[PDB]
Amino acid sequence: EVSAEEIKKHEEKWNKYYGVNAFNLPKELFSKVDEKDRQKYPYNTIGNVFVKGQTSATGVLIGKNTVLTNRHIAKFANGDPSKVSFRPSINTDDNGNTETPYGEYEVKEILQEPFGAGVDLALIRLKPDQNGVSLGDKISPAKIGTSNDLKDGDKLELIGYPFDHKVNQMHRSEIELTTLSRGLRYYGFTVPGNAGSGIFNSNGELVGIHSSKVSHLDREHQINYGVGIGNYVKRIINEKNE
(Lines of atoms letter the chains of each structure in order from A and count residues from 1; the text may use other names and numbers.)
(Lines give C-alpha, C1' and ligand atoms only; values in the text may rest on other atoms or scores of the structure.)
Protein backbone atom coordinates (compact mmCIF):
# COMPACT_ATOMS: atom_id res chain seq x y z
CA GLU A 1 0.00 0.00 0.00
CA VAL A 2 1.48 3.28 -1.22
CA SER A 3 -0.03 6.71 -0.58
CA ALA A 4 -2.43 8.14 -3.16
CA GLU A 5 0.06 10.98 -3.60
CA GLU A 6 2.72 8.66 -5.00
CA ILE A 7 0.35 7.34 -7.65
CA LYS A 8 -0.56 10.91 -8.53
CA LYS A 9 3.10 11.91 -8.95
CA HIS A 10 4.03 8.68 -10.70
CA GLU A 11 1.33 9.27 -13.29
CA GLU A 12 2.87 12.72 -13.56
CA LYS A 13 6.36 11.60 -14.57
CA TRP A 14 5.21 8.61 -16.57
CA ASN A 15 2.93 10.93 -18.55
CA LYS A 16 5.78 13.20 -19.66
CA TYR A 17 7.04 10.21 -21.68
CA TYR A 18 3.76 8.62 -22.73
CA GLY A 19 1.31 11.51 -22.58
CA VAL A 20 2.54 13.26 -25.72
CA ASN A 21 3.17 11.72 -29.15
CA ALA A 22 6.53 9.94 -29.51
CA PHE A 23 7.51 12.32 -32.31
CA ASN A 24 6.65 15.35 -30.17
CA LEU A 25 8.97 14.18 -27.41
CA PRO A 26 11.79 16.51 -26.28
CA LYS A 27 15.18 15.78 -27.88
CA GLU A 28 16.77 15.49 -24.43
CA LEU A 29 14.57 12.54 -23.44
CA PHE A 30 14.30 10.69 -26.75
CA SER A 31 16.28 11.15 -29.97
CA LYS A 32 17.67 9.32 -33.00
CA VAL A 33 21.43 8.68 -33.03
CA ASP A 34 22.94 10.34 -36.12
CA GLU A 35 25.47 8.72 -38.46
CA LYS A 36 28.36 10.44 -36.69
CA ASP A 37 27.62 9.18 -33.19
CA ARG A 38 26.67 5.76 -34.54
CA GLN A 39 30.31 5.11 -35.50
CA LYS A 40 31.53 5.98 -32.01
CA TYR A 41 31.58 4.10 -28.71
CA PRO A 42 29.32 3.06 -27.03
CA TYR A 43 26.78 3.50 -29.82
CA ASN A 44 28.64 1.15 -32.17
CA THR A 45 28.26 -1.68 -29.62
CA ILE A 46 24.49 -1.60 -30.17
CA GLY A 47 22.87 -3.85 -32.75
CA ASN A 48 19.57 -5.29 -33.90
CA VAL A 49 18.77 -8.88 -32.89
CA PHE A 50 16.53 -10.17 -35.66
CA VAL A 51 14.48 -13.35 -35.26
CA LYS A 52 12.94 -14.20 -38.65
CA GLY A 53 9.16 -13.82 -38.53
CA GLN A 54 9.13 -13.53 -34.74
CA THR A 55 10.60 -10.27 -33.48
CA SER A 56 13.16 -7.51 -34.01
CA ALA A 57 14.82 -6.33 -30.82
CA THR A 58 18.11 -5.03 -29.44
CA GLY A 59 21.39 -6.56 -28.27
CA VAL A 60 24.76 -5.34 -26.96
CA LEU A 61 28.17 -6.63 -28.10
CA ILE A 62 30.01 -7.47 -24.87
CA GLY A 63 32.67 -9.81 -26.16
CA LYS A 64 34.61 -10.63 -29.30
CA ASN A 65 31.79 -12.93 -30.46
CA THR A 66 29.21 -12.39 -27.73
CA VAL A 67 25.96 -10.42 -27.67
CA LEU A 68 23.92 -9.79 -24.50
CA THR A 69 20.15 -9.56 -24.94
CA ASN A 70 16.96 -10.68 -23.15
CA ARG A 71 15.97 -14.24 -22.43
CA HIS A 72 12.42 -13.51 -23.60
CA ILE A 73 13.80 -12.35 -26.94
CA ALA A 74 16.07 -15.38 -27.37
CA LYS A 75 13.18 -17.73 -26.59
CA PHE A 76 11.50 -16.82 -29.89
CA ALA A 77 14.17 -18.80 -31.77
CA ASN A 78 13.33 -22.03 -29.95
CA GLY A 79 16.98 -22.98 -29.51
CA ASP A 80 17.59 -22.87 -33.26
CA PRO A 81 20.49 -20.43 -34.01
CA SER A 82 19.72 -20.14 -37.73
CA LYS A 83 16.56 -18.25 -36.79
CA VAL A 84 18.56 -15.39 -35.24
CA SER A 85 20.61 -12.70 -36.95
CA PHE A 86 22.61 -9.81 -35.45
CA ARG A 87 22.95 -6.56 -37.36
CA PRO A 88 25.27 -4.11 -35.58
CA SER A 89 24.60 -0.41 -36.18
CA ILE A 90 22.08 -1.23 -38.89
CA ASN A 91 20.18 1.78 -40.18
CA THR A 92 17.20 2.17 -42.48
CA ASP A 93 16.32 5.75 -43.38
CA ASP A 94 12.75 6.88 -43.91
CA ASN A 95 13.17 6.09 -47.61
CA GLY A 96 13.95 2.40 -47.37
CA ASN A 97 17.71 2.67 -47.77
CA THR A 98 19.14 0.09 -45.37
CA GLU A 99 22.83 0.01 -44.52
CA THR A 100 24.82 -2.49 -42.43
CA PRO A 101 28.32 -0.95 -42.02
CA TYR A 102 29.79 -4.08 -40.42
CA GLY A 103 27.66 -6.58 -42.28
CA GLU A 104 25.20 -9.06 -40.81
CA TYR A 105 26.18 -11.82 -38.43
CA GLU A 106 24.99 -15.37 -38.07
CA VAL A 107 24.59 -17.04 -34.69
CA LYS A 108 26.34 -20.29 -33.83
CA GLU A 109 25.00 -20.80 -30.32
CA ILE A 110 22.21 -19.50 -28.09
CA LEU A 111 22.56 -19.64 -24.30
CA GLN A 112 18.91 -19.00 -23.45
CA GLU A 113 19.08 -18.64 -19.66
CA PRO A 114 22.66 -18.87 -18.31
CA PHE A 115 21.77 -16.61 -15.37
CA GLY A 116 18.57 -18.43 -14.39
CA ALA A 117 15.04 -18.62 -15.79
CA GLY A 118 14.06 -15.69 -13.59
CA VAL A 119 16.72 -13.31 -14.94
CA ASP A 120 15.73 -11.92 -18.32
CA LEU A 121 19.17 -12.13 -19.94
CA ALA A 122 20.60 -14.44 -22.56
CA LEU A 123 23.88 -14.76 -24.43
CA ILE A 124 24.18 -15.03 -28.18
CA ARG A 125 27.41 -16.33 -29.70
CA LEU A 126 28.10 -15.18 -33.23
CA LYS A 127 29.99 -16.79 -36.07
CA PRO A 128 32.83 -14.66 -37.49
CA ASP A 129 32.29 -13.22 -40.99
CA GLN A 130 33.07 -15.39 -44.01
CA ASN A 131 36.68 -14.21 -43.81
CA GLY A 132 36.80 -15.52 -40.26
CA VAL A 133 36.84 -12.04 -38.72
CA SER A 134 34.93 -11.58 -35.45
CA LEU A 135 32.64 -8.59 -34.95
CA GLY A 136 34.67 -7.80 -31.84
CA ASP A 137 37.77 -7.21 -33.97
CA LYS A 138 35.99 -4.55 -36.01
CA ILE A 139 34.32 -2.93 -32.99
CA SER A 140 35.52 -2.81 -29.38
CA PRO A 141 32.96 -4.50 -27.09
CA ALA A 142 31.09 -2.51 -24.47
CA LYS A 143 32.97 -2.00 -21.21
CA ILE A 144 31.12 -3.84 -18.44
CA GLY A 145 30.50 -1.72 -15.37
CA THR A 146 28.40 -2.54 -12.32
CA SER A 147 24.93 -1.62 -11.09
CA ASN A 148 25.92 -1.67 -7.40
CA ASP A 149 26.61 2.07 -7.21
CA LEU A 150 23.47 3.36 -8.90
CA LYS A 151 20.90 5.15 -6.78
CA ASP A 152 17.34 6.45 -6.90
CA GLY A 153 17.16 9.57 -9.06
CA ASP A 154 20.16 8.65 -11.22
CA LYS A 155 19.97 9.56 -14.90
CA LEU A 156 21.35 7.10 -17.44
CA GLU A 157 21.40 6.57 -21.21
CA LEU A 158 19.42 3.73 -22.78
CA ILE A 159 20.49 2.96 -26.34
CA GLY A 160 18.50 0.66 -28.60
CA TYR A 161 16.27 -0.01 -31.58
CA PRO A 162 12.66 1.10 -30.82
CA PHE A 163 11.26 -1.00 -33.67
CA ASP A 164 7.62 -0.18 -32.94
CA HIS A 165 8.46 3.50 -33.38
CA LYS A 166 10.87 3.51 -36.34
CA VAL A 167 12.22 0.39 -38.04
CA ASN A 168 15.98 -0.18 -37.78
CA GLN A 169 16.74 3.30 -36.43
CA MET A 170 18.97 3.57 -33.35
CA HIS A 171 17.65 5.91 -30.66
CA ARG A 172 18.82 7.03 -27.24
CA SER A 173 16.44 7.46 -24.27
CA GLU A 174 17.27 9.25 -21.04
CA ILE A 175 16.09 7.17 -18.12
CA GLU A 176 15.67 8.13 -14.47
CA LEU A 177 16.19 5.42 -11.85
CA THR A 178 13.55 4.99 -9.18
CA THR A 179 12.90 2.54 -6.31
CA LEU A 180 15.93 0.26 -6.76
CA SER A 181 15.00 -1.99 -3.83
CA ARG A 182 12.71 -3.96 -6.14
CA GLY A 183 15.24 -4.16 -8.96
CA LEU A 184 16.37 -1.92 -11.79
CA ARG A 185 13.30 0.27 -12.33
CA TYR A 186 13.16 3.56 -14.20
CA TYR A 187 11.24 6.30 -15.97
CA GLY A 188 11.79 6.70 -19.70
CA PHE A 189 10.35 6.15 -23.16
CA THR A 190 10.66 2.59 -24.54
CA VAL A 191 8.73 0.24 -26.84
CA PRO A 192 8.83 -3.59 -27.13
CA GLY A 193 11.75 -3.45 -29.59
CA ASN A 194 13.90 -1.76 -26.97
CA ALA A 195 14.12 -5.14 -25.27
CA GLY A 196 17.85 -5.81 -24.91
CA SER A 197 18.89 -2.16 -25.04
CA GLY A 198 22.08 -1.23 -23.25
CA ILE A 199 22.04 1.11 -20.28
CA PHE A 200 25.25 3.12 -19.93
CA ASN A 201 26.53 5.53 -17.27
CA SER A 202 28.37 8.83 -17.82
CA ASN A 203 31.63 6.86 -17.86
CA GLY A 204 30.38 4.98 -20.91
CA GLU A 205 30.12 1.72 -18.98
CA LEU A 206 27.29 -0.78 -19.47
CA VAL A 207 25.42 -1.07 -16.15
CA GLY A 208 22.20 -2.76 -17.24
CA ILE A 209 20.04 -4.17 -20.03
CA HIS A 210 16.47 -3.06 -20.66
CA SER A 211 13.85 -5.79 -20.37
CA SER A 212 10.29 -4.48 -20.42
CA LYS A 213 7.50 -2.86 -18.43
CA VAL A 214 6.12 -4.29 -15.19
CA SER A 215 3.44 -3.30 -12.67
CA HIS A 216 4.47 -0.57 -10.28
CA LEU A 217 3.18 0.89 -6.97
CA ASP A 218 -0.15 -0.88 -7.51
CA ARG A 219 -1.57 -3.41 -9.97
CA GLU A 220 -2.76 -0.69 -12.31
CA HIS A 221 0.42 1.31 -13.02
CA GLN A 222 3.64 0.68 -14.98
CA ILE A 223 7.37 1.39 -14.95
CA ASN A 224 10.36 0.26 -17.01
CA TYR A 225 12.23 -2.79 -15.77
CA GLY A 226 15.81 -3.70 -16.63
CA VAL A 227 18.39 -6.19 -15.42
CA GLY A 228 21.37 -4.66 -13.65
CA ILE A 229 24.89 -5.96 -14.06
CA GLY A 230 25.32 -6.92 -10.43
CA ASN A 231 27.86 -9.19 -8.77
CA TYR A 232 26.11 -12.36 -9.92
CA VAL A 233 25.60 -11.31 -13.54
CA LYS A 234 29.21 -10.13 -13.96
CA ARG A 235 30.48 -13.46 -12.67
CA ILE A 236 28.51 -15.41 -15.28
CA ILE A 237 29.50 -13.01 -18.05
CA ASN A 238 33.20 -13.21 -17.21
CA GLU A 239 32.81 -16.98 -17.12
CA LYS A 240 31.03 -17.47 -20.45
CA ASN A 241 31.99 -14.37 -22.47
CA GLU A 242 33.96 -14.75 -25.72
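The first residue of the sequence shown is number 1, and the count goes up from there.
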Subject >> Entry-level comparison of average CA B-factors, 23-31 and 45-53, reporting the higher stretch >> reply: 23-31
Original post:
Given the B-factors recorded for C-alpha atoms, which segment has the greater mean, 61-69 or 212-220?
Top reply: 212-220
Original post:
Which has the highest CA B-factor per the PDB entry: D137, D80, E157, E99?
Top reply: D80
Subject >> For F76, the third of its chain into which the C-alpha B factor falls >> reply: highest
Original post:
Would the CA B-factor of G196 place it in the lowest, middle or highest third of its chain?
Top reply: lowest
Subject >> Relative C-alpha B-factor of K151, binned into the chain's lowest, middle or highest third >> reply: highest
Original post:
Split the chain's modelled residues into thirds by Cα B-factor; is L184 in the lowest, middle or highest one?
Top reply: middle
Subject >> Record-listed C-alpha B factor of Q39: chain third >> reply: highest
